[PDB]
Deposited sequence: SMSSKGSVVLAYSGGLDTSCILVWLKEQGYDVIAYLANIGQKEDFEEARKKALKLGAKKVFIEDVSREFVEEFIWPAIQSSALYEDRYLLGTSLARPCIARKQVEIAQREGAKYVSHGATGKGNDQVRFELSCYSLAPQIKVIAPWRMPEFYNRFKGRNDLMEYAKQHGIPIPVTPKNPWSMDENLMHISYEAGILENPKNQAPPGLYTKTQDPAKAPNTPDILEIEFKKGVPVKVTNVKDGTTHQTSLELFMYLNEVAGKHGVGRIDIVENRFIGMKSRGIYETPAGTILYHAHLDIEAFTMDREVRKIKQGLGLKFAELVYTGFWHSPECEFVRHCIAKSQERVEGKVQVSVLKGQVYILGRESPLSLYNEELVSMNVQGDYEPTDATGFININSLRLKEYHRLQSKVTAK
């Protein structure tokens, strides 16, 4: 009994959980985070009311998702375990934070979610909830015996049918999906056998690289403070100079050319290896563009220190520690390194690949004249000394193990 804010999506799990928490005594507040997925939110709201929700909040959270979450992730220049661009992992603290906000506003003692007992997301939601509101209580049905021993997915379907929970007819895929503005992830079902290949009908956000356009899209991406501020199509003249709008245009450009597809096995914070395929179109373009622009504008030695911090950032976000003193310090250090990260990157998007074509920047650390056929401000005799003393170690070390 009391009021619970449930992170609700409209699917079987969270439809059932709504009804279940209601059967258990709770007044349920259905909370629909609109984060760039393809939902008919109004109908999901109607469905939630029919199901017995006391209240429905649809929060459009896309712009702040781009600007407060995706932007620092690009600044980081880092990939979880050298492959994962963190699409879902970034979204959870964005979702959880608004959920806590709705709960404290409503005077609700409990929050709730439909994440499974073997996942990362359970951790991410709940670490942010406790971090931001130490006194909130969580109900995670998939970790409740009374719940998880009863619905041992076809047991859940039956539960739906018995309580008149509607099942869309659209029909089910033998995997689960997570979709937001940044990516789409597909993970259970048939994909659990890491020997088995994605069927072609799996890929919903990117074109098949064999069907993709024959002409590339050539874009110019402008950065300031490590994040994109402008996208212009060099050919057709299209321009976007606001965050969400440029990001979606990059999704639409990259998806059109089949860009952003990975197939990976990853290691889950609880310690299970999991097999996932991902579609991160815009994220893939920006990952590469940003690397090129920070490398052009950053000191060599700042960069290696900064990249260690990013690596740390990637692991903290993946495991669910966005709202922590350590990720806050790390985000601050990463932000600081990006002060001069600005300029323009020319890129080409074609057949499932992004290509860097050129770059320029008024804050460039590049010196065309110095690296030159012409001399210039350099003494070749210096280098001789530099080599010769770097070798002293090296010649010691040989003579003395000889």
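- Query: Which regions of the deposited sequence are unaccounted for in the modelled residues, listed N- to C-terminal?
  - Reply: Several regions go unmodelled: 1-4, 157, 378, 409-413.
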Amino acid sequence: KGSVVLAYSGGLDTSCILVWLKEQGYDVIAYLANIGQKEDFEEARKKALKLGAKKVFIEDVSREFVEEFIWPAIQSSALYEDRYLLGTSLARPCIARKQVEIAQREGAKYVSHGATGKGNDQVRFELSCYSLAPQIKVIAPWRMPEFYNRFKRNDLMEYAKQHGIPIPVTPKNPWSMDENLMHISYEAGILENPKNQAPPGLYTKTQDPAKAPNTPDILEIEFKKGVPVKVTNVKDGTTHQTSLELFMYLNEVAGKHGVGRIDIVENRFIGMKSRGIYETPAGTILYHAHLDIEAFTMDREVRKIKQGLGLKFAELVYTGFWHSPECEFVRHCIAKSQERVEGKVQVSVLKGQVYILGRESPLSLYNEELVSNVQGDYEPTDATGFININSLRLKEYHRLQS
From here on, numbers count along this sequence of modelled residues.
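- Query: In the PDB record, does 50-58 or 354-362 carry the higher mean Cα temperature factor?
  - Reply: In the deposited entry, the stretch with the higher C-alpha B-factor mean is 50-58.
- Item | Residue stretch of maximal mean CA temperature factor, 18-26 vs 379-387 | According to the entry, 18-26 carries the higher average C-alpha B-factor.
- Query: Based on what the PDB entry reports, which of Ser176, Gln122, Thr284, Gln99 has the top C-alpha B-factor?
  - Reply: In the PDB entry, the greatest C-alpha B-factor among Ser176, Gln122, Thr284, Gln99 is found at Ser176.
- If you compare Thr319, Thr88, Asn193, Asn149, which has the highest Cα B-factor in the entry? By C-alpha B-factor in the record, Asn149 ranks first.
- Query: Hey, what third does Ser372 fall into on Cα B-factor, ranked over its chain?
  - Reply: Highest third.
- Looking at the entry's B-factor column for C-alpha atoms only, identify whether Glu222 ranks in the lowest, middle or highest third of its chain. It belongs to the middle third of the chain when residues are ordered by C-alpha B-factor.
- Item | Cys333 by Cα B-factor - lowest, middle or highest third of the modelled chain | Lowest third.
- Tell me, lowest, middle or highest third: where does the Cα B factor of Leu32 rank within its chain? Its C-alpha B-factor belongs to the middle third of this chain's values.
- Message: Where does the C-alpha B-factor of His240 rank in its chain, lowest, middle or highest third?
- Response: Tercile = highest for this residue's CA B-factor.
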